[PDB]
Protein chains: 2
Amino acid sequence: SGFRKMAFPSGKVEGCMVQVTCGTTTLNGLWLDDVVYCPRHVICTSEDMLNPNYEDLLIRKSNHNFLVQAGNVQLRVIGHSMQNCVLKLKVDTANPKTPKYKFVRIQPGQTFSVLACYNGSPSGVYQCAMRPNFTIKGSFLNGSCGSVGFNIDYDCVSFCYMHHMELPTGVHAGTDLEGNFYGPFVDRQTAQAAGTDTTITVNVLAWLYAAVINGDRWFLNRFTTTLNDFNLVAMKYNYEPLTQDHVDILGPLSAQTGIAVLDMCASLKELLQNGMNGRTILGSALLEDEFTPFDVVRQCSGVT
Amino acid sequence: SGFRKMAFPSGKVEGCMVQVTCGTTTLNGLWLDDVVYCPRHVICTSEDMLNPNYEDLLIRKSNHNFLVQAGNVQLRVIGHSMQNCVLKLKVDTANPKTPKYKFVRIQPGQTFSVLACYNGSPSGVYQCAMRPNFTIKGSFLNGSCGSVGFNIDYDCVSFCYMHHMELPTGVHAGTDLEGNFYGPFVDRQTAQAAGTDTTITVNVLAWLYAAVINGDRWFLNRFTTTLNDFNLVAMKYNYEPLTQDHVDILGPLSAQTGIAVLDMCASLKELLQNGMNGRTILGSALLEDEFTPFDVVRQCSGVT
Ligand SMILES: *CC(=O)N1CCC(NC(=O)c2ccccc2)CC1
Ligand SMILES: *CC(=O)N1CCC(NC(=O)c2ccccc2)CC1
């Protein structure tokens, strides 16, 4: 029993983190096979970052200007290219610790672990979600750019995120590992405001299932609802619309608990309308939305 | 910016987890040097667990009854002893992945990372605290016993916890790595009830500092208090008494923010008396008490 916000074990990814220095800027790179991936803003002076022309800035850079250090050993750079907003530094040595890996582009609502690094050294690991506004709510200080987000399927690491930007509101923007930003954000120090941070309805319901499975049941009630009725209340409270696809995805948790998805919807409706009344659910005073249905089944069944 | 519940990177500990089977019971062991550490209840039948005599049960066990598997390779057991509530299985091979390590016994209020494992395989990592009642609030299913709690100081892993027991109330009890239970708990299926789960006052204050550092400031007020006055309000709300030692420990966060510890005490007093009024602090609707002052400085300065 018990239910915790849980990160993937980080060893496989720890084995891929290096330090990248270009001029006076140090941040993190990802070493997979003979390629090191890093944010292209490594080539910027703080000055450049106001309106950088990356193709023009890159012309002034040679392979020998990209200092790549794995622990205390230097790596030899034999090539460099820009793909979107990442640099790919080709090195003469394949990472001997390369795990099986994929590059995946996740959807909003999907969760992943972040290994926060500084100067290519891991500081900690925590669980995130891609927000509906395509931001993430991270912990990232100067030097943490190039930290990555990942899922693990048994022995295969799926890299979904590389950290690039803090918005003036203290939320975070980055890319997939092809260097394409999640959402409308750019690697430029400009006016960029996040949209509405809506709540991931399907994740909340999954977490309500996790609560029942673990003994927290006070919020169960005698009511049901419809998708359309529920969605009226979702709209008013800035929750994502619930689709039949979301209902279908919650089917296994429905099966295990014997609580129909739409009955659990009626519980969530009352919680939105009435509040918690100073009570808690799995040690939280608000409705948690950074557990996917997949996360809940994984943790409640003990997958490794 | 940003502040997240953050676990230590888990690679160093992943490299120490093995599977231990005695009869029909499988759980996790910790392989450091040529010793595998595991809960002595591995030798129990579910039946034994009502009133086990461990010395008598152990007589019926030989080295060859302890099946120890590191990934897919079996380890040869050449010795076994009981120390308190752990078994030490001597193996003929030193773990080549042994990190620098210590065994430490932590105090209530101190935090640590747990690497949840099943059949010697890591499933995830999360941050905990030793509760004032000497329980922890974990996520532990059947097969997770022998999972360990740790801190990392740069390159040295300090092992503080091994998972042994779930109480009927869904909270968790275990040992240090000398096999001594935290608190009054025993490895017996009996009536064991946790005491008052009081709030770790010094941790809450540390987290309030983390909030100010990261821009969440609405709860700052025009008031101050005294240790004695604050402690009257702490008592009523089941908070640990605040000592001068705790004030001294918060000094650096005091220095950095320029908010006197006793002013921050007056903020915490008003929050206890008035509630959150539907507002949040670092994305939480309750006062977080599983960040130590040390955790807050570490994360806010980016130590690796
Ligand atoms: C995220 C990361 O590690 N970095 C990106 C930000 C870099 N610093 C700056 O360019 C900067 C900070 C503040 C004002 C102006 C410029 C450090 C590396
Ligand atoms: C924690 C862990 O991995 N284990 C301890 C509990 C073991 N199961 C039992 O002895 C048991 C469970 C339920 C009823 C009776 C006995 C599995 C291993």
# chains A, B, ... in the order shown; residues from 1 in each chain; ligands from 1
>>> interface_residues(of="chain B", to="chain A", cutoff="6 Å", atoms="only C-alpha atoms", output="VMD selection string")
chain B and resid 1 to 4 6 to 11 121 to 126 138 to 141 170 285 to 286 304
>>> write_last_selection(atoms="N, CA and C atoms", output="JSON list (two decimals), in the first residue's frame")
[["chain", "number", "residue", "atom", "x", "y", "z"],
["B", 1, "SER", "N", 14.76, 28.64, -11.29],
["B", 1, "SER", "CA", 13.59, 28.71, -10.39],
["B", 1, "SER", "C", 12.81, 27.39, -10.44],
["B", 2, "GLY", "N", 11.77, 27.30, -9.62],
["B", 2, "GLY", "CA", 10.99, 26.07, -9.44],
["B", 2, "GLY", "C", 11.54, 25.30, -8.26],
["B", 3, "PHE", "N", 10.68, 24.55, -7.59],
["B", 3, "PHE", "CA", 11.07, 23.77, -6.40],
["B", 3, "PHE", "C", 10.24, 22.49, -6.42],
["B", 4, "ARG", "N", 10.92, 21.34, -6.50],
["B", 4, "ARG", "CA", 10.28, 20.02, -6.67],
["B", 4, "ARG", "C", 10.76, 19.10, -5.55],
["B", 6, "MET", "N", 12.48, 16.17, -4.67],
["B", 6, "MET", "CA", 13.55, 15.65, -5.53],
["B", 6, "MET", "C", 14.24, 14.50, -4.82],
["B", 7, "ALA", "N", 14.40, 13.36, -5.50],
["B", 7, "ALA", "CA", 15.16, 12.19, -4.99],
["B", 7, "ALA", "C", 16.59, 12.33, -5.46],
["B", 8, "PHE", "N", 17.53, 11.73, -4.73],
["B", 8, "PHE", "CA", 18.91, 11.53, -5.22],
["B", 8, "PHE", "C", 18.86, 10.69, -6.50],
["B", 9, "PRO", "N", 19.85, 10.90, -7.38],
["B", 9, "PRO", "CA", 20.03, 10.02, -8.54],
["B", 9, "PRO", "C", 20.25, 8.62, -7.96],
["B", 10, "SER", "N", 19.69, 7.58, -8.57],
["B", 10, "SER", "CA", 19.61, 6.23, -7.95],
["B", 10, "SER", "C", 20.64, 5.24, -8.50],
["B", 11, "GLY", "N", 21.44, 5.62, -9.51],
["B", 11, "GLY", "CA", 22.34, 4.68, -10.20],
["B", 11, "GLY", "C", 23.21, 3.91, -9.22],
["B", 121, "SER", "N", 14.87, -5.83, -8.82],
["B", 121, "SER", "CA", 14.78, -4.90, -9.98],
["B", 121, "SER", "C", 14.15, -3.59, -9.54],
["B", 122, "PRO", "N", 14.82, -2.44, -9.79],
["B", 122, "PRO", "CA", 14.27, -1.13, -9.46],
["B", 122, "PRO", "C", 12.98, -0.80, -10.23],
["B", 123, "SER", "N", 11.93, -0.32, -9.55],
["B", 123, "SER", "CA", 10.67, 0.16, -10.18],
["B", 123, "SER", "C", 10.59, 1.70, -10.15],
["B", 124, "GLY", "N", 11.09, 2.36, -9.10],
["B", 124, "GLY", "CA", 11.10, 3.83, -9.09],
["B", 124, "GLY", "C", 11.80, 4.40, -7.87],
["B", 125, "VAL", "N", 11.93, 5.73, -7.82],
["B", 125, "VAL", "CA", 12.63, 6.46, -6.73],
["B", 125, "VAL", "C", 11.78, 7.68, -6.29],
["B", 126, "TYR", "N", 11.73, 7.90, -4.98],
["B", 126, "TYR", "CA", 10.90, 8.95, -4.34],
["B", 126, "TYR", "C", 11.56, 9.33, -3.02],
["B", 138, "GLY", "N", 5.45, 5.49, 2.54],
["B", 138, "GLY", "CA", 6.11, 4.94, 1.35],
["B", 138, "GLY", "C", 5.11, 4.50, 0.30],
["B", 139, "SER", "N", 5.59, 3.74, -0.67],
["B", 139, "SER", "CA", 4.78, 2.97, -1.64],
["B", 139, "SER", "C", 5.47, 1.63, -1.75],
["B", 140, "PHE", "N", 4.89, 0.60, -1.13],
["B", 140, "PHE", "CA", 5.54, -0.72, -0.96],
["B", 140, "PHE", "C", 4.50, -1.83, -1.08],
["B", 141, "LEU", "N", 4.60, -2.63, -2.14],
["B", 141, "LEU", "CA", 3.72, -3.79, -2.40],
["B", 141, "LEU", "C", 4.47, -5.04, -1.96],
["B", 170, "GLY", "N", -1.57, 1.30, 6.73],
["B", 170, "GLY", "CA", -1.00, 1.57, 5.40],
["B", 170, "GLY", "C", 0.25, 2.44, 5.45],
["B", 285, "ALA", "N", -1.41, 22.68, -1.47],
["B", 285, "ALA", "CA", -2.52, 23.28, -0.70],
["B", 285, "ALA", "C", -2.34, 22.96, 0.79],
["B", 286, "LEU", "N", -1.27, 22.26, 1.18],
["B", 286, "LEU", "CA", -0.98, 22.09, 2.62],
["B", 286, "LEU", "C", 0.48, 22.45, 2.88],
["B", 304, "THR", "N", 25.66, 18.96, -6.59],
["B", 304, "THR", "CA", 25.71, 17.64, -7.28],
["B", 304, "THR", "C", 26.67, 16.71, -6.52]]
>>> residues_near_ligand(ligand="ligand 1", cutoff="10 Å", atoms="only C-alpha atoms and all ligand atoms", output="VMD selection string")
chain A and resid 21 24 to 28 39 41 to 50 117 to 119 140 to 147 163 to 166 172 174 187 to 189
>>> write_last_selection(atoms="C-alpha atoms", output="PDB file, in the first residue's frame")
ATOM      1  CA  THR A  21      31.219  24.316 -22.720  1.00  0.00           C
ATOM      2  CA  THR A  24      31.936  31.097 -21.162  1.00  0.00           C
ATOM      3  CA  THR A  25      28.647  29.043 -21.173  1.00  0.00           C
ATOM      4  CA  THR A  26      28.568  25.568 -19.465  1.00  0.00           C
ATOM      5  CA  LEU A  27      25.486  23.281 -19.552  1.00  0.00           C
ATOM      6  CA  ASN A  28      24.611  19.570 -19.959  1.00  0.00           C
ATOM      7  CA  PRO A  39      20.685  23.165 -26.531  1.00  0.00           C
ATOM      8  CA  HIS A  41      21.906  28.404 -27.019  1.00  0.00           C
ATOM      9  CA  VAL A  42      25.264  27.042 -25.628  1.00  0.00           C
ATOM     10  CA  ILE A  43      26.871  29.207 -28.442  1.00  0.00           C
ATOM     11  CA  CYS A  44      25.118  32.450 -27.222  1.00  0.00           C
ATOM     12  CA  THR A  45      26.544  35.260 -25.094  1.00  0.00           C
ATOM     13  CA  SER A  46      23.751  36.502 -22.672  1.00  0.00           C
ATOM     14  CA  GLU A  47      23.681  39.481 -25.188  1.00  0.00           C
ATOM     15  CA  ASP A  48      23.015  37.172 -28.229  1.00  0.00           C
ATOM     16  CA  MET A  49      19.987  35.681 -26.329  1.00  0.00           C
ATOM     17  CA  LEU A  50      17.850  38.872 -26.913  1.00  0.00           C
ATOM     18  CA  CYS A 117      22.152  18.040 -13.805  1.00  0.00           C
ATOM     19  CA  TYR A 118      24.747  20.851 -13.407  1.00  0.00           C
ATOM     20  CA  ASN A 119      28.162  20.702 -15.234  1.00  0.00           C
ATOM     21  CA  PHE A 140      16.066  24.342 -13.018  1.00  0.00           C
ATOM     22  CA  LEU A 141      18.855  26.797 -12.006  1.00  0.00           C
ATOM     23  CA  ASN A 142      21.621  28.278 -14.237  1.00  0.00           C
ATOM     24  CA  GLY A 143      23.682  25.347 -15.644  1.00  0.00           C
ATOM     25  CA  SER A 144      20.710  22.864 -15.741  1.00  0.00           C
ATOM     26  CA  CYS A 145      19.918  23.361 -19.497  1.00  0.00           C
ATOM     27  CA  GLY A 146      20.484  20.052 -21.399  1.00  0.00           C
ATOM     28  CA  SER A 147      18.947  18.073 -18.486  1.00  0.00           C
ATOM     29  CA  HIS A 163      15.500  21.633 -20.837  1.00  0.00           C
ATOM     30  CA  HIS A 164      16.084  25.028 -22.640  1.00  0.00           C
ATOM     31  CA  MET A 165      14.129  27.998 -21.109  1.00  0.00           C
ATOM     32  CA  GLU A 166      12.656  29.569 -17.948  1.00  0.00           C
ATOM     33  CA  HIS A 172       9.834  25.809 -18.013  1.00  0.00           C
ATOM     34  CA  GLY A 174      12.169  22.784 -23.805  1.00  0.00           C
ATOM     35  CA  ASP A 187      15.090  29.996 -27.426  1.00  0.00           C
ATOM     36  CA  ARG A 188      15.101  33.835 -27.368  1.00  0.00           C
ATOM     37  CA  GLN A 189      14.888  36.197 -24.304  1.00  0.00           C
TER      38      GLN A 189
END
>>> select_by_dssp(residues="range 50-234 of chain B", states="strand (DSSP E or B)", output="PyMOL selection string")
chain B and resi 66-70+73-75+77-83+86-91+100-103+111-118+121-129+136+148-153+156-166+172-175+181+199
>>> select_by_dssp(residues="range 18-189 of chain B", states="helix (DSSP H, G or I)", output="JSON, numbers by chain")
{"B": [40, 41, 42, 43, 48, 49, 50, 54, 55, 56, 57, 58, 59, 63, 64, 65]}
>>> atom_distance(atom1="CA of residue 182 in chain A", atom2="CA of residue 58 in chain A")
23.2 Å
>>> atom_distance(atom1="CA of residue 223 in chain B", atom2="CA of residue 211 in chain B")
18.2 Å
>>> residues_around(residues="range 230-239 of chain B", least_positions_apart="4", cutoff="10 Å", atoms="only C-alpha atoms", output="PyMOL selection string")
chain B and resi 132+196-202+204+224-226+243+262+265-266+268-270+272-273
>>> write_last_selection(atoms="N, CA and C atoms", output="PDB file, in the first residue's frame")
ATOM      1  N   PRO B 132       8.041  11.785  12.982  1.00  0.00           N
ATOM      2  CA  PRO B 132       8.246  11.845  14.431  1.00  0.00           C
ATOM      3  C   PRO B 132       7.732  10.590  15.152  1.00  0.00           C
ATOM      4  N   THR B 196       1.080   9.660  17.267  1.00  0.00           N
ATOM      5  CA  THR B 196       0.682  10.924  16.610  1.00  0.00           C
ATOM      6  C   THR B 196       1.686  11.208  15.503  1.00  0.00           C
ATOM      7  N   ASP B 197       1.226  11.348  14.263  1.00  0.00           N
ATOM      8  CA  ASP B 197       2.102  11.838  13.173  1.00  0.00           C
ATOM      9  C   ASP B 197       2.148  13.369  13.248  1.00  0.00           C
ATOM     10  N   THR B 198       3.018  13.914  14.094  1.00  0.00           N
ATOM     11  CA  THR B 198       3.200  15.376  14.237  1.00  0.00           C
ATOM     12  C   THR B 198       3.917  15.906  12.982  1.00  0.00           C
ATOM     13  N   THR B 199       3.751  17.197  12.719  1.00  0.00           N
ATOM     14  CA  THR B 199       4.378  17.943  11.606  1.00  0.00           C
ATOM     15  C   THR B 199       5.774  18.417  12.022  1.00  0.00           C
ATOM     16  N   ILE B 200       6.725  18.268  11.088  1.00  0.00           N
ATOM     17  CA  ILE B 200       8.156  18.632  11.287  1.00  0.00           C
ATOM     18  C   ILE B 200       8.286  20.143  11.054  1.00  0.00           C
ATOM     19  N   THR B 201       8.094  20.904  12.129  1.00  0.00           N
ATOM     20  CA  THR B 201       8.053  22.382  12.095  1.00  0.00           C
ATOM     21  C   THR B 201       9.252  22.956  11.337  1.00  0.00           C
ATOM     22  N   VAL B 202      10.465  22.575  11.704  1.00  0.00           N
ATOM     23  CA  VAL B 202      11.694  23.114  11.055  1.00  0.00           C
ATOM     24  C   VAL B 202      11.653  22.860   9.534  1.00  0.00           C
ATOM     25  N   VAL B 204       8.860  22.606   7.573  1.00  0.00           N
ATOM     26  CA  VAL B 204       7.845  23.558   7.038  1.00  0.00           C
ATOM     27  C   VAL B 204       8.487  24.932   6.842  1.00  0.00           C
ATOM     28  N   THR B 224       5.624  39.340  13.992  1.00  0.00           N
ATOM     29  CA  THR B 224       6.674  38.445  14.518  1.00  0.00           C
ATOM     30  C   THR B 224       6.072  37.678  15.696  1.00  0.00           C
ATOM     31  N   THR B 225       6.870  36.808  16.302  1.00  0.00           N
ATOM     32  CA  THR B 225       6.486  36.003  17.480  1.00  0.00           C
ATOM     33  C   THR B 225       7.766  35.648  18.254  1.00  0.00           C
ATOM     34  N   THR B 226       7.603  34.875  19.324  1.00  0.00           N
ATOM     35  CA  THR B 226       8.701  34.291  20.125  1.00  0.00           C
ATOM     36  C   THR B 226       8.644  32.775  19.971  1.00  0.00           C
ATOM     37  N   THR B 243      12.982  24.630  18.625  1.00  0.00           N
ATOM     38  CA  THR B 243      14.116  24.860  19.543  1.00  0.00           C
ATOM     39  C   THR B 243      15.046  25.907  18.931  1.00  0.00           C
ATOM     40  N   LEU B 262      12.026  34.147  13.258  1.00  0.00           N
ATOM     41  CA  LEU B 262      10.815  34.373  14.097  1.00  0.00           C
ATOM     42  C   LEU B 262       9.723  35.127  13.317  1.00  0.00           C
ATOM     43  N   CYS B 265       8.264  32.372  11.411  1.00  0.00           N
ATOM     44  CA  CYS B 265       7.426  31.692  12.440  1.00  0.00           C
ATOM     45  C   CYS B 265       6.043  32.350  12.530  1.00  0.00           C
ATOM     46  N   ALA B 266       5.989  33.688  12.572  1.00  0.00           N
ATOM     47  CA  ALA B 266       4.713  34.428  12.634  1.00  0.00           C
ATOM     48  C   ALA B 266       3.897  34.172  11.358  1.00  0.00           C
ATOM     49  N   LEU B 268       3.941  31.328   9.612  1.00  0.00           N
ATOM     50  CA  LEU B 268       3.479  29.927   9.784  1.00  0.00           C
ATOM     51  C   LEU B 268       2.323  29.895  10.802  1.00  0.00           C
ATOM     52  N   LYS B 269       2.442  30.643  11.902  1.00  0.00           N
ATOM     53  CA  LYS B 269       1.367  30.836  12.910  1.00  0.00           C
ATOM     54  C   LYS B 269       0.062  31.238  12.211  1.00  0.00           C
ATOM     55  N   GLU B 270       0.073  32.294  11.377  1.00  0.00           N
ATOM     56  CA  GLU B 270      -1.156  32.797  10.695  1.00  0.00           C
ATOM     57  C   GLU B 270      -1.700  31.717   9.756  1.00  0.00           C
ATOM     58  N   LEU B 272      -1.455  28.443  10.080  1.00  0.00           N
ATOM     59  CA  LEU B 272      -2.052  27.408  10.949  1.00  0.00           C
ATOM     60  C   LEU B 272      -3.411  27.910  11.435  1.00  0.00           C
ATOM     61  N   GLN B 273      -3.508  29.190  11.791  1.00  0.00           N
ATOM     62  CA  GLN B 273      -4.703  29.772  12.451  1.00  0.00           C
ATOM     63  C   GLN B 273      -5.791  30.050  11.417  1.00  0.00           C
TER      64      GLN B 273
END
>>> residues_around(residues="residue 212 in chain A", least_positions_apart="6", cutoff="10 Å", atoms="only C-alpha atoms", output="PyMOL selection string")
chain A and resi 218-220+257+259+281-282
>>> write_last_selection(atoms="N, CA and C atoms", output="mmCIF file, in the first residue's frame")
data_model
loop_
_atom_site.group_PDB
_atom_site.id
_atom_site.type_symbol
_atom_site.label_atom_id
_atom_site.label_comp_id
_atom_site.auth_asym_id
_atom_site.auth_seq_id
_atom_site.Cartn_x
_atom_site.Cartn_y
_atom_site.Cartn_z
ATOM 1 N N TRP A 218 -13.368 8.490 1.209
ATOM 2 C CA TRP A 218 -14.380 9.404 1.810
ATOM 3 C C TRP A 218 -15.123 10.202 0.721
ATOM 4 N N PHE A 219 -14.500 10.402 -0.437
ATOM 5 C CA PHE A 219 -14.995 11.288 -1.517
ATOM 6 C C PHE A 219 -15.935 10.497 -2.427
ATOM 7 N N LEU A 220 -16.015 9.174 -2.289
ATOM 8 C CA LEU A 220 -17.012 8.392 -3.071
ATOM 9 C C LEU A 220 -18.399 8.822 -2.584
ATOM 10 N N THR A 257 -11.388 -1.825 -9.499
ATOM 11 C CA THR A 257 -12.080 -1.227 -8.331
ATOM 12 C C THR A 257 -13.579 -1.534 -8.377
ATOM 13 N N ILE A 259 -15.661 0.468 -9.736
ATOM 14 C CA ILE A 259 -16.327 1.804 -9.807
ATOM 15 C C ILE A 259 -16.330 2.273 -11.253
ATOM 16 N N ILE A 281 -6.501 13.649 0.268
ATOM 17 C CA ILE A 281 -6.543 12.401 -0.540
ATOM 18 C C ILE A 281 -5.105 12.039 -0.903
ATOM 19 N N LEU A 282 -4.670 10.843 -0.510
ATOM 20 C CA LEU A 282 -3.266 10.397 -0.639
ATOM 21 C C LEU A 282 -2.329 11.547 -0.220
#
>>> residues_around(residues="residue 99 in chain B", least_positions_apart="2", cutoff="8 Å", atoms="only C-alpha atoms", output="PDB file with N, CA, C and O atoms, in the first residue's frame")
ATOM      1  N   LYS B  12      23.870   4.607  -8.309  1.00  0.00           N
ATOM      2  CA  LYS B  12      24.844   3.993  -7.374  1.00  0.00           C
ATOM      3  C   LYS B  12      24.167   2.856  -6.592  1.00  0.00           C
ATOM      4  O   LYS B  12      24.857   1.840  -6.335  1.00  0.00           O
ATOM      5  N   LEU B  32      26.757  -5.071  -0.904  1.00  0.00           N
ATOM      6  CA  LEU B  32      27.923  -4.174  -0.703  1.00  0.00           C
ATOM      7  C   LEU B  32      29.133  -5.030  -0.324  1.00  0.00           C
ATOM      8  O   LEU B  32      29.033  -5.790   0.655  1.00  0.00           O
ATOM      9  N   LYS B  97      30.411  -3.123  -8.373  1.00  0.00           N
ATOM     10  CA  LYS B  97      29.730  -1.808  -8.417  1.00  0.00           C
ATOM     11  C   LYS B  97      29.567  -1.209  -7.015  1.00  0.00           C
ATOM     12  O   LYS B  97      28.973  -0.133  -6.922  1.00  0.00           O
ATOM     13  N   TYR B 101      30.375   3.986   0.780  1.00  0.00           N
ATOM     14  CA  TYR B 101      29.106   3.947   1.534  1.00  0.00           C
ATOM     15  C   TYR B 101      29.370   4.019   3.029  1.00  0.00           C
ATOM     16  O   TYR B 101      30.494   3.748   3.462  1.00  0.00           O
ATOM     17  N   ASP B 155      29.951  11.498  -3.495  1.00  0.00           N
ATOM     18  CA  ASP B 155      30.262  10.162  -4.074  1.00  0.00           C
ATOM     19  C   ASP B 155      30.013   9.060  -3.038  1.00  0.00           C
ATOM     20  O   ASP B 155      30.180   7.871  -3.407  1.00  0.00           O
ATOM     21  N   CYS B 156      29.629   9.429  -1.805  1.00  0.00           N
ATOM     22  CA  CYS B 156      29.411   8.496  -0.665  1.00  0.00           C
ATOM     23  C   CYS B 156      27.915   8.324  -0.420  1.00  0.00           C
ATOM     24  O   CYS B 156      27.247   9.337  -0.087  1.00  0.00           O
ATOM     25  N   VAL B 157      27.421   7.089  -0.546  1.00  0.00           N
ATOM     26  CA  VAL B 157      26.008   6.744  -0.228  1.00  0.00           C
ATOM     27  C   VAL B 157      25.926   6.371   1.250  1.00  0.00           C
ATOM     28  O   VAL B 157      26.640   5.433   1.674  1.00  0.00           O
TER      29      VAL B 157
END
>>> residues_around(residues="range 72-84 of chain A", least_positions_apart="2", cutoff="10 Å", atoms="only C-alpha atoms", output="CSV table (one decimal) with N, CA and C atoms, in the first residue's frame")
chain,number,residue,atom,x,y,z
A,18,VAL,N,26.9,14.5,-19.9
A,18,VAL,CA,28.3,15.1,-20.0
A,18,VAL,C,28.1,16.6,-19.8
A,19,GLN,N,29.3,17.3,-19.7
A,19,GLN,CA,29.4,18.7,-19.6
A,19,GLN,C,29.7,19.3,-21.0
A,34,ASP,N,27.8,7.9,-30.6
A,34,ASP,CA,28.9,8.8,-30.8
A,34,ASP,C,28.4,10.2,-31.1
A,35,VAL,N,27.2,10.5,-30.5
A,35,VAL,CA,26.6,11.9,-30.6
A,35,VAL,C,26.3,12.5,-29.3
A,36,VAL,N,26.7,13.7,-29.0
A,36,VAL,CA,26.3,14.5,-27.8
A,36,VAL,C,25.2,15.5,-28.2
A,37,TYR,N,24.1,15.5,-27.6
A,37,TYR,CA,22.9,16.4,-27.9
A,37,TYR,C,22.9,17.5,-26.8
A,38,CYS,N,22.7,18.7,-27.2
A,38,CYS,CA,22.7,19.9,-26.3
A,38,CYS,C,21.9,21.0,-26.9
A,39,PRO,N,21.4,22.0,-26.1
A,39,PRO,CA,20.7,23.2,-26.5
A,39,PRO,C,21.6,24.0,-27.4
A,40,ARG,N,21.2,24.5,-28.5
A,40,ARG,CA,22.0,25.4,-29.4
A,40,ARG,C,22.4,26.7,-28.7
A,54,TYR,N,21.0,32.1,-35.0
A,54,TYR,CA,21.8,30.9,-34.6
A,54,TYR,C,22.6,30.4,-35.8
A,55,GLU,N,22.1,30.4,-37.1
A,55,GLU,CA,23.0,30.0,-38.2
A,55,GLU,C,24.2,30.9,-38.3
A,58,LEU,N,26.6,30.3,-35.4
A,58,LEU,CA,27.3,28.9,-35.5
A,58,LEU,C,28.5,29.0,-36.5
A,61,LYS,N,31.9,29.1,-35.0
A,61,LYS,CA,32.2,28.0,-34.1
A,61,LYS,C,32.8,26.9,-34.9
A,62,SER,N,33.9,26.3,-34.4
A,62,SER,CA,34.5,25.0,-34.9
A,62,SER,C,34.4,23.9,-33.9
A,63,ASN,N,34.5,22.7,-34.4
A,63,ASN,CA,34.5,21.4,-33.5
A,63,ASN,C,35.3,21.7,-32.2
A,64,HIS,N,36.5,22.3,-32.3
A,64,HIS,CA,37.4,22.5,-31.2
A,64,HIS,C,36.9,23.5,-30.2
A,65,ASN,N,35.9,24.3,-30.5
A,65,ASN,CA,35.3,25.3,-29.6
A,65,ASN,C,34.2,24.6,-28.6
A,66,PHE,N,33.8,23.4,-29.0
A,66,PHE,CA,32.8,22.6,-28.2
A,66,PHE,C,33.6,21.7,-27.2
A,67,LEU,N,33.8,22.1,-26.0
A,67,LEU,CA,34.5,21.3,-24.9
A,67,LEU,C,33.5,20.4,-24.3
A,68,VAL,N,33.7,19.1,-24.5
A,68,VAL,CA,32.8,18.0,-24.0
A,68,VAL,C,33.6,17.1,-23.1
A,69,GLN,N,33.2,17.0,-21.8
A,69,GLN,CA,33.8,16.3,-20.7
A,69,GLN,C,32.8,15.3,-20.1
A,70,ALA,N,33.1,14.1,-20.1
A,70,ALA,CA,32.4,12.9,-19.4
A,70,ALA,C,33.2,12.6,-18.1
A,86,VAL,N,18.5,22.0,-31.2
A,86,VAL,CA,19.6,21.3,-30.6
A,86,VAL,C,20.8,21.3,-31.5
A,87,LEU,N,22.0,21.2,-30.8
A,87,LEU,CA,23.3,20.8,-31.5
A,87,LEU,C,23.5,19.3,-31.3
A,88,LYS,N,24.0,18.7,-32.4
A,88,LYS,CA,24.5,17.3,-32.4
A,88,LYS,C,26.0,17.4,-32.5
A,89,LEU,N,26.8,17.1,-31.5
A,89,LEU,CA,28.2,17.1,-31.5
A,89,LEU,C,28.7,15.6,-31.8
A,90,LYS,N,29.2,15.3,-32.9
A,90,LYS,CA,29.8,14.0,-33.2
A,90,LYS,C,31.1,13.9,-32.5
A,91,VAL,N,31.3,12.8,-31.7
A,91,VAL,CA,32.5,12.5,-30.9
A,91,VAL,C,33.2,11.3,-31.5
A,92,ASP,N,34.5,11.0,-31.2
A,92,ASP,CA,35.2,9.9,-31.8
A,92,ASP,C,35.0,8.6,-31.0
A,93,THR,N,34.3,8.6,-29.9
A,93,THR,CA,34.0,7.5,-29.0
A,93,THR,C,32.6,7.3,-28.8
A,175,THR,N,12.5,21.2,-25.6
A,175,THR,CA,12.4,20.5,-26.9
A,175,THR,C,12.3,19.0,-26.6
A,177,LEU,N,14.0,15.5,-28.5
A,177,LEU,CA,15.5,15.3,-28.8
A,177,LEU,C,15.7,15.5,-30.4
A,178,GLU,N,14.7,15.8,-31.2
A,178,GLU,CA,14.9,16.4,-32.5
A,178,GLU,C,15.0,17.9,-32.5
A,179,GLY,N,14.9,18.5,-31.3
A,179,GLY,CA,15.2,20.0,-31.1
A,179,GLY,C,13.9,20.8,-31.4
A,180,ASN,N,12.8,20.2,-31.5
A,180,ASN,CA,11.5,21.0,-31.7
A,180,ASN,C,10.9,21.3,-30.3
A,181,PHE,N,10.6,22.6,-30.1
A,181,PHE,CA,10.0,23.1,-28.8
A,181,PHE,C,8.6,22.4,-28.7
>>> closest_residue(among="B:148, B:209, B:183, B:59", to="ligand 2", atoms="only C-alpha atoms and all ligand atoms")
B:148
>>> atom_distance(atom1="CA of residue 102 in chain B", atom2="CA of residue 30 in chain B")
12.9 Å
>>> closest_residue(among="B:151, B:190, B:111, B:292", to="ligand 2", atoms="only C-alpha atoms and all ligand atoms")
B:190
